[PDB]
Amino acid sequence: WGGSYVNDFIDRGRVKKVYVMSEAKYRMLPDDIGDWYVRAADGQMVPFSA
Amino acid sequence: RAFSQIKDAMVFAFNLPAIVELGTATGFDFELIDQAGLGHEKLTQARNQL
């Protein structure tokens, strides 16, 4: 929902920012919040509303 | 001259120029720059052709 630049790849020798964030559709209204779960340490897929 | 006859190891000698830190030979200095995508290799191609 906020980007996170990871590291740099290269374009045609010309060092370069790389960023992980959500496709557009799975971040626009706050109802989307729930698309997101999150492994916990039992392997359980936890979600947010939890 | 006594330093050619030596192997396959090129050994030169030479007197420093007048004013160490400065514009030696009446010679030229010529840098080939790159300009796009061309890579190391392509430039190496130009480099050589020229």
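- As stated in the entry header, the method of structure determination is X-ray crystallography and the reported resolution is 3.30 Å.

- As annotated in the PDB entry, chain B carries the name ACRB and is attributed to Escherichia coli.
- This structure appears in the PDB under the title "Crystal structure of a multidrug transporter reveal a functionally rotating mechanism".

- The name recorded for chain A in the PDB entry is ACRB, from Escherichia coli.

1. Quick word on the overall build of chain A
Phase 1 of the analysis: The helix and strand tally for chain A stands at zero helices and four strands.
Phase 2 of the analysis: Secondary structure of chain A in N-to-C order comes out as β-β-β-β.
Phase 3 of the analysis: Since a compact globule built from 50 residues should have a radius of gyration of about 10 Å, the 15 Å found for chain A marks it as more spread out than a globular shape.
Phase 4 of the analysis: By principal-axis analysis of the C-alpha atoms, chain A measures approximately 45 × 30 × 10 Å.
Phase 5 of the analysis: In chain A, buried positions account for 6% of the 50 residues.
Phase 6 of the analysis: Long-range pairs, those at least 24 residues apart, make up 12% of the contacts in chain A with a sequence separation of at least 6.
Phase 7 of the analysis: Averaging the coordinates of the 7 positive side-chain charges in chain A and doing the same for the 7 negative ones gives two points 12 Å apart.

Parameters and conventions
Residues numbered from 1 in each chain as written, not as in the entry; some residues may be left out. Chains lettered and ligands numbered in written order. Part of a larger assembly, values for the part shown. Heavy atoms only, no water. Helix = DSSP H or I, 4+ residues; strand = E, 2+ residues; numbered from the N terminus. Rg over C-alpha atoms; globule rule 2.2 N^0.38 Å. Buried < 20%, exposed > 50% of the residue type's maximum accessible area, 1.4 Å probe, protein only. Contact = heavy atoms within 4.5 Å. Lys, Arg positive; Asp, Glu negative; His and termini not counted. Charge placed at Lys NZ, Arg CZ, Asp CG, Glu CD.

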